[PDB]
Number of protein chains: 2
Amino acid sequence: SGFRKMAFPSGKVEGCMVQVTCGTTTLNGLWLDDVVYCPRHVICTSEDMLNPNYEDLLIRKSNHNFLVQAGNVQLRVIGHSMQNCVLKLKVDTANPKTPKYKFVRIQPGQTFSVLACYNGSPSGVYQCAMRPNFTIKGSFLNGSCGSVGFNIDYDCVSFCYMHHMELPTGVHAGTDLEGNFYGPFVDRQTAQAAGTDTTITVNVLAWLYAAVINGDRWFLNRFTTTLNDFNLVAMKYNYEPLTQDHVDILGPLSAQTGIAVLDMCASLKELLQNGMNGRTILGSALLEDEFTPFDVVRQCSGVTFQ
Amino acid sequence: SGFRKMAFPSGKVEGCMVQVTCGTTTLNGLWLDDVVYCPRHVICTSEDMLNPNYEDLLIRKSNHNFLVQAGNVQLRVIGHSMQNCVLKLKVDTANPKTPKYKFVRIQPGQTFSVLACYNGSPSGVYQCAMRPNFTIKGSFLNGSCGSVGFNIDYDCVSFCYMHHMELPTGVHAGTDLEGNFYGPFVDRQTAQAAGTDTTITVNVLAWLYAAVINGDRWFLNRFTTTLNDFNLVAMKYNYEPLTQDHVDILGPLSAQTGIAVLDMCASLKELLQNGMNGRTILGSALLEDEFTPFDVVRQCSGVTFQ
Ligand SMILES: *[C@H](O)[C@H](C[C@@H]1CCNC1=O)NC(=O)[C@@H]1[C@@H]2[C@H](CN1C(=O)[C@@H](NC(=O)OC(C)C)C(C)(C)C)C2(C)C
Ligand SMILES: *[C@H](O)[C@H](C[C@@H]1CCNC1=O)NC(=O)[C@@H]1[C@@H]2[C@H](CN1C(=O)[C@@H](NC(=O)OC(C)C)C(C)(C)C)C2(C)C
């Protein structure tokens with residue numbers, strides 16, 4: 001037993017990270033087969049970034065302007081192109097450590113692992129979720145641009161995030177691997193703000209099921225509620241609406257514990273109305289919302305990868 | 001900015017994990033050069049484990065009784081010996097993925113990363129601390145024995161934990177890599193209990209410094225306190241005593257923020273006496289104690305490894 005915020009093993013992604021230098025800017029890139037992916041603002045300078053025209057800036061570059069370092073081995077660039085907000089630099093060598101992989105664009109509420117890197121070298125790994133307002137609450141410093149987020153399924157790495165920028169409230173914004181931003185943000189140094197966030201209701205319920213699987217049961221009651229009456233309380237406390245699709249996804253966890261989904265909703269309602277009154281759940285004094293129903297089942301059942 | 005519970009990148013350790021089967025027991029082993037390390041209760045059965053005599057049980061085994069699987073490649077055993085509570089199985093092939101490494105036995109309060117495995121295949125990675133009562137609050141199921149805990153420094157992997165067993169309160173116990181248990185526990189299925197735990201004072205203070213580095217400042221005050229008066233309040237709330245050695249270790253964090261160590265102690269005292277009154281620190285509603293002063297500096301400064 002036990003329950004922890006668990007990331008995927010990161011070895012398959014470590015073997016893909018490289019350093020990309022152009023002018024006075026250094027950031028991280030992702031090396032898969034004979035292409036390196038990185039954020040397009042690597043072609044900017046500390047005065048280009050105020051309002052750049054990237055097409056007009058890229059047509060002024062040559063291949064040899066791009067310095068790509070893989071360990072202490074130099075890869076030279078033989079072509080380049082821009083796709084939305086990412087650069088694709090073609091190099092003369094295929095990465096022999098290329099795993100099986102895919103690019104995927106995720107929905108708000110889904111979770112992923114982040115391998116934070118500086119100068120092409122990995123620093124640490126942690127678990128994140130895409131918030132309803134399309135930011136992520138990460139841990140990023142100068143030079144971390146180009147670090148990626150990912151999920152692993154068997155032997156296949158599904159890449160879903162590349163890091164670009166930090167907003168004034170201390171949260172983070174970036175793109176999928178095809179260079180499209182999550183949210184309304186643009187890669188320009190001008191006023192933008194996150195928009196108000198909300199709590200991911202379906203994930204909170206999944207975490208209450210994890211507590212029961214592990215022996216915490218003090219928060220249950222004998223009451224119940226309808227979906228509509230629950231959603232009327234949820235709106236009041238700034239929670240996202242729960243759909244019937246969400247109810248259906250929580251089926252397996254309901255069947256393993258014997259607690260109907262709408263009975264667990266009546267328990268959340270009482271916790272929202274009464275607080276916790278000095279008690280904890282799975283070592284937490286707040287209601288936690290960055291575990292999906294999938295996350296709970298993998299950790300409480302023991303699925304591996306290869 | 002931001003602050004997360006961050007584990008080390010796990011690729012160097014993934015390349016060392018193998019499967020060890022003997023009789024009806026399967027668990028994980030660690031393959032470094034031409035030796036595989038695993039827990040000695042792999043030679044037991046579901047009735048040997050009640051009160052075994054391991055010396056008398058090992059002298060009844062032959063090399064071919066041990067089945068070692070590395071991927072879908074079979075390593076055969078050519079010798080074996082027992083050291084305290086671990087087996088060392090010598091095999092005819094050296095692991096070509098052996099990193100630079102050391103074995104170390106850690107003190108209570110230190111943190112490490114855990115790579116949880118089943119059947120020799122990694123499942124996930126998370127951060128832990130050795131509690132004052134020599135248990136760890138992990139996430140482990142049947143078959144996870146032999147999974148290891150570790151720290152990384154530059155290119156060197158320092159192994160510090162191997163998992164053996166779970167106690168009735170849901171916490172975990174194990175050994176260093178030379179087979180000596182942390183705590184009073186023994187590898188026998190008999191009544192043992194953890195002993196009362198305490199909160200790791202020096203780590204809580206380090207985490208309050210992390211909050212200030214990141215912009216949280218509502219909990220500070222203009223008061224101060226002596227070391228002895230602080231330790232008199234700490235004992236009351238079941239915190240560990242703070243030594244002058246602890247004060248000295250918190251020097252760099254004090255110098256970067258401009259807040260003297262004993263001023264931060266006066267802030268903790270007020271938080272212990274008054275509670276948080278509905279506010280959070282670094283996204284937490286409890287005082288967090290599994291970040292060392294070293295952990296804070298690496299994440300707030302950006303150190304990598306290679
Ligand atoms: C690339 O490594 C950095 C990573 C940042 C640095 C601090 N934490 C991070 O995550 N990204 C940028 O430098 C990025 C590029 C330049 C300016 N930024 C920012 O992230 C800035 N933020 C910003 O302009 O937000 C506005 C208000 C929407 C800032 C102030 C943090 C440097 C680009 C092209 C956006
Ligand atoms: C080896 O993979 C398992 C891992 C356990 C299983 C559940 N969670 C885990 O961490 N270890 C054992 O099976 C271990 C060996 C047999 C019995 N155990 C236990 O961990 C038992 N606990 C126990 O006897 O604690 C006493 C009360 C001190 C138990 C009941 C969980 C199976 C050995 C040799 C101790």
# chains A, B, ... in the order shown; residues from 1 in each chain; ligands from 1

$ residues_near_ligand --ligand "ligand 2" --cutoff "9 Å" --atoms "only C-alpha atoms and all ligand atoms" --output "PyMOL selection string"
(chain A and resi 1-2) or (chain B and resi 25-28+39-42+44-46+48-50+52+118+138-147+163-168+170-173+185-194)

$ residues_around --residues "residue A:129" --least-positions-apart "2" --cutoff "6 Å" --atoms "only C-alpha atoms" --output "MDAnalysis selection string"
chainID A and resid 110:111 131 290

$ residues_around --residues "residue B:150" --least-positions-apart "4" --cutoff "10 Å" --atoms "only C-alpha atoms" --output "PyMOL selection string"
chain B and resi 7-8+10+13+102-104+111-115+127-128+157-162

$ write_last_selection --atoms "N, CA, C and O atoms" --output "compact mmCIF listing (two decimals), in the first residue's frame"
# COMPACT_ATOMS: atom_id res chain seq x y z
N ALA B 7 12.09 14.12 -8.32
CA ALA B 7 13.01 12.98 -8.25
C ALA B 7 14.15 13.14 -9.24
O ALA B 7 14.07 13.95 -10.18
N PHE B 8 15.23 12.36 -9.03
CA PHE B 8 16.35 12.32 -9.97
C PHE B 8 15.94 11.58 -11.24
O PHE B 8 15.12 10.66 -11.19
N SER B 10 16.05 8.72 -13.87
CA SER B 10 16.19 7.33 -13.42
C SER B 10 16.83 6.40 -14.45
O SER B 10 16.92 5.19 -14.19
N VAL B 13 19.64 3.85 -13.47
CA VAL B 13 19.20 2.73 -12.63
C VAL B 13 18.31 1.75 -13.40
O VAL B 13 18.36 0.54 -13.13
N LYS B 102 28.30 3.87 -6.13
CA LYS B 102 28.73 3.63 -4.76
C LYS B 102 27.53 3.12 -3.96
O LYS B 102 26.38 3.39 -4.32
N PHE B 103 27.81 2.40 -2.86
CA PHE B 103 26.82 2.07 -1.83
C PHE B 103 27.02 3.00 -0.63
O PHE B 103 28.15 3.17 -0.17
N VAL B 104 25.92 3.58 -0.10
CA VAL B 104 25.99 4.47 1.07
C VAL B 104 24.84 4.18 2.02
O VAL B 104 23.71 3.92 1.59
N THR B 111 16.80 12.48 2.11
CA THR B 111 15.84 12.11 1.07
C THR B 111 16.49 11.29 -0.04
O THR B 111 17.71 11.35 -0.23
N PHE B 112 15.66 10.56 -0.80
CA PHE B 112 16.16 9.81 -1.96
C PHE B 112 15.01 9.49 -2.91
O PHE B 112 13.82 9.58 -2.56
N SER B 113 15.38 9.12 -4.13
CA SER B 113 14.44 8.71 -5.17
C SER B 113 14.30 7.19 -5.16
O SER B 113 15.28 6.47 -4.95
N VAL B 114 13.07 6.71 -5.41
CA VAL B 114 12.72 5.29 -5.46
C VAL B 114 12.22 4.96 -6.87
O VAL B 114 11.29 5.60 -7.37
N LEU B 115 12.83 3.95 -7.49
CA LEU B 115 12.35 3.39 -8.76
C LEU B 115 11.62 2.09 -8.45
O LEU B 115 12.25 1.05 -8.18
N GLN B 127 9.91 10.54 -4.91
CA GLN B 127 10.80 11.02 -3.84
C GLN B 127 10.29 10.64 -2.45
O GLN B 127 9.09 10.78 -2.17
N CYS B 128 11.21 10.20 -1.57
CA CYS B 128 10.97 9.69 -0.21
C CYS B 128 11.95 10.33 0.78
O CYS B 128 12.98 10.86 0.39
N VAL B 157 26.00 7.25 -9.29
CA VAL B 157 24.78 6.82 -8.62
C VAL B 157 25.15 6.28 -7.23
O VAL B 157 25.87 5.28 -7.12
N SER B 158 24.63 6.91 -6.18
CA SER B 158 24.81 6.44 -4.80
C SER B 158 23.54 5.70 -4.36
O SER B 158 22.51 6.34 -4.11
N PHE B 159 23.63 4.37 -4.28
CA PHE B 159 22.51 3.53 -3.84
C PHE B 159 22.46 3.52 -2.32
O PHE B 159 23.48 3.26 -1.67
N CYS B 160 21.25 3.71 -1.75
CA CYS B 160 21.07 3.79 -0.29
C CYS B 160 19.95 2.93 0.33
O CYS B 160 19.89 2.86 1.57
N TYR B 161 19.10 2.25 -0.46
CA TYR B 161 17.95 1.51 0.07
C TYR B 161 17.59 0.35 -0.85
O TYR B 161 17.62 0.51 -2.08
N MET B 162 17.23 -0.79 -0.26
CA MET B 162 16.58 -1.89 -0.98
C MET B 162 15.34 -2.31 -0.18
O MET B 162 15.40 -2.47 1.04

$ residues_around --residues "residue A:99" --least-positions-apart "5" --cutoff "8 Å" --atoms "only C-alpha atoms" --output "PyMOL selection string"
chain A and resi 12+155-157

$ select_by_dssp --residues "stretch 49-103 of chain A" --states "strand (DSSP E)" --output "number ranges by chain"
A: 67-70, 73-75, 77-83, 86-91, 100-103

$ atom_distance --atom1 "atom CA of residue A:222" --atom2 "atom CA of residue A:240"
24.4 Å

$ atom_distance --atom1 "atom CA of residue A:197" --atom2 "atom CA of residue A:137"
11.5 Å

$ select_by_dssp --residues "stretch 2-78 of chain B" --states "alpha helix (DSSP H)" --output "VMD selection string"
chain B and resid 11 to 14 54 to 58

$ write_last_selection --atoms "C-alpha atoms" --output "short mmCIF file (atom, residue, chain, number, x, y, z; two decimals), in the first residue's frame"
data_model
loop_
_atom_site.label_atom_id
_atom_site.label_comp_id
_atom_site.auth_asym_id
_atom_site.auth_seq_id
_atom_site.Cartn_x
_atom_site.Cartn_y
_atom_site.Cartn_z
CA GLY B 11 17.81 6.06 -16.67
CA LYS B 12 21.10 4.99 -15.08
CA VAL B 13 19.20 2.73 -12.63
CA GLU B 14 16.66 1.34 -15.15
CA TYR B 54 18.63 -18.66 6.41
CA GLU B 55 22.10 -20.19 6.80
CA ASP B 56 20.56 -23.63 7.08
CA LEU B 57 18.30 -22.94 4.08
CA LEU B 58 21.06 -21.59 1.82
#

$ closest_residue --among "A:34, A:61, A:81, A:86" --to "ligand 1" --atoms "only C-alpha atoms and all ligand atoms"
A:86

$ residues_around --residues "residue A:20" --least-positions-apart "6" --cutoff "8 Å" --atoms "only C-alpha atoms" --output "list in words"
residues 26, 27, 28, 29, 38, 66, 67, 68, 69, 119 and 120 of chain A
